[PDB]
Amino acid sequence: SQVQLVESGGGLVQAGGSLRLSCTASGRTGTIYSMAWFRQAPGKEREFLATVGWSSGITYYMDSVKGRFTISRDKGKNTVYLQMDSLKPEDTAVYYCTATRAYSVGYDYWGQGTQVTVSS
């Protein structure tokens, strides 16, 4: 793979708590147009959550996470973040980061995910 992604930052918290996910990209990172976070709860489909423009830092959020989660990136460190506040049990899932290449569409590169568990 010309770009490799590794997510970290997951773990177990109680409801009301916070986590900060991160994902480092390596390889041909100059080809990245945007990065996005998804999550997959057990037995469910992958759900798109939020995206950030790699060059611009412009962001877009789905209503499921808007106003609790913040996506950002430190371009010089080739790292994207997902700040997750006011976590609820229903946020429990494997969280994946992805990259979309310039002149492509969709989600070209995927990490292996990081587990997020929110208990009562």
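Residues carry their position along the shown sequence, with the first being 1.
The PDB entry records a higher mean C-alpha B factor for 63 to 71 than for its counterpart among 45 to 53 and 63 to 71.
Between the residues 105, 25, 97, 12, the entry's highest C-alpha temperature factor is the one at 25.
In the deposited entry, the Cα temperature factor of residue 92 sits in the bottom third of values across the chain's modelled residues. Placement of the Cα temperature factor of residue 29 within the chain: highest third of the modelled residues, per the deposited record. Looking at the C-alpha B-factors along this chain, the one for residue 3 belongs to the highest third.
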